[PDB]
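[1] need a 3D model of the sequence below.
(2 chains)
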Amino acid sequence: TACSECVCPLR
Amino acid sequence: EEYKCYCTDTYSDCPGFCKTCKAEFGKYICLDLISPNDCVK
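    Numbers count the residues shown, from 1 in each chain, chains lettered A, B, ... in the order given. Provided below are the atomic coordinates:
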């Protein structure tokens, strides 16, 4: 259940 | 999106999902890196 603000820009 | 991804949402305390809580400017900041699916949103 990660946070609602997941950051994953650019593999 | 296409990788472990890192949670960086802000909070008022260290979240169980982000044992590494960074209290800055009064709020918190997650610095974790994991993604069992992709994103919770």
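
[2] chain B against chain A: which residues are in contact?
    B:1-3, B:5-11, B:15, B:17-18, B:30, B:32, B:34-35, B:38-41 (Cβ under 8 Å from any Cβ of the partner chain). To be clear about C-beta, it is placed using only N, CA and C from the backbone, and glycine gets the same treatment.

[3] give me the buried entries from those residues.
    For those, a burial check counting by 16 or more other Cβ atoms under 10 Å in any protein chain shown picks out B:5, B:6, B:7, B:8, B:9, B:10, B:11, B:15, B:18, B:30, B:32, B:35.

[4] mind checking which of the residues of chain B next to chain A land in helices?
    In helices, defined here by DSSP state H, there are no members of the residues of chain B next to chain A.

[5] show me what contacts the residue nearest the centre of chain A?
    Central residue of chain A (Cα atoms, centre = their mean): residue A:6, 1.9 Å from the mean position. Residues near residue A:6 by Cβ atoms under 8 Å, 6 or more residues apart in numbering or on different chains: B:5, B:6, B:7, B:35, B:39, B:40, B:41.
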